[PDB]
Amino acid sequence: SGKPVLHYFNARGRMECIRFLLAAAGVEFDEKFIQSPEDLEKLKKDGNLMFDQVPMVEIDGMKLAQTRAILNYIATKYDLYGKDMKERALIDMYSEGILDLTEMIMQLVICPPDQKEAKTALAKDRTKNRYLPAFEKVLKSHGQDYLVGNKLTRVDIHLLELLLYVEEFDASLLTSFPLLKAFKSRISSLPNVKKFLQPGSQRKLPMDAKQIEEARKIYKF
């Protein structure tokens, strides 16, 4: 088989979505966590990071970097990418929106303190007035269990991850989205997913004051 190797920080960051997808597909993976700048420098010095950056995943003889490129490969490989062109268009559109909101939430735990209140307010507004209504719309338009093609695809996993982050952010934001709540529960019950959600998995925890200061300098000046 050959167990994929994921190179990234001991953190969610951009690698988390990939971890989720792989776990969802029931594919066991090995991780090589960069603990120090020296490690990152070693990685780069090894010439396997196309743009001297991570995520980077070794799979099928390739040293694939670029989050989306990685997700994209895994999705097709395990058949979590729908059944055709139009389905993929929807999948892509939904996924991109998910990523955007994700980053938006991340920014919150990074923005210059004196400006937090406002940013939080915007992220919440956007969350409940722009994003959630959209996914709820999709779910409502067809009444089916999956977002696209009435079959499990990567976006279902992507949507789940985001909802979990929204729940950590502020759980009251999800209470006016019944279909999304039901969806969340459904996807969370999928064996592979349930397992990933269980403790002792490679699922990373949210960034903390100590494991945050390091990554700033470690970035590699």
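The numbering used is simple: start at 1 and walk along the sequence shown.
Note on 112 to 120 vs 141 to 149: mean CA B-factor is higher in 112 to 120. Higher mean CA temperature factor, per the PDB entry, when comparing 70 to 78 with 121 to 129: 121 to 129.
Each of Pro55, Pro178, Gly47, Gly26 has a CA temperature factor in the record; the biggest one is found at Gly47. You'll see in the entry that, of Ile34, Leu164, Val155, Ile187, the Cα B factor peaks at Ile34.
When the modelled residues of the chain are ordered by their C-alpha B factor, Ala89 lands in the lowest third.
Sort the chain's modelled residues by C-alpha temperature factor and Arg19 lands in the lowest third, per the entry. Looking at the C-alpha B-factors along this chain, the one for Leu43 belongs to the highest third. In the deposited entry, the Cα temperature factor of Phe196 places it in the lowest third of its chain's modelled residues. Among the modelled residues of the chain, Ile98 sits in the lowest third by CA temperature factor in this PDB entry.
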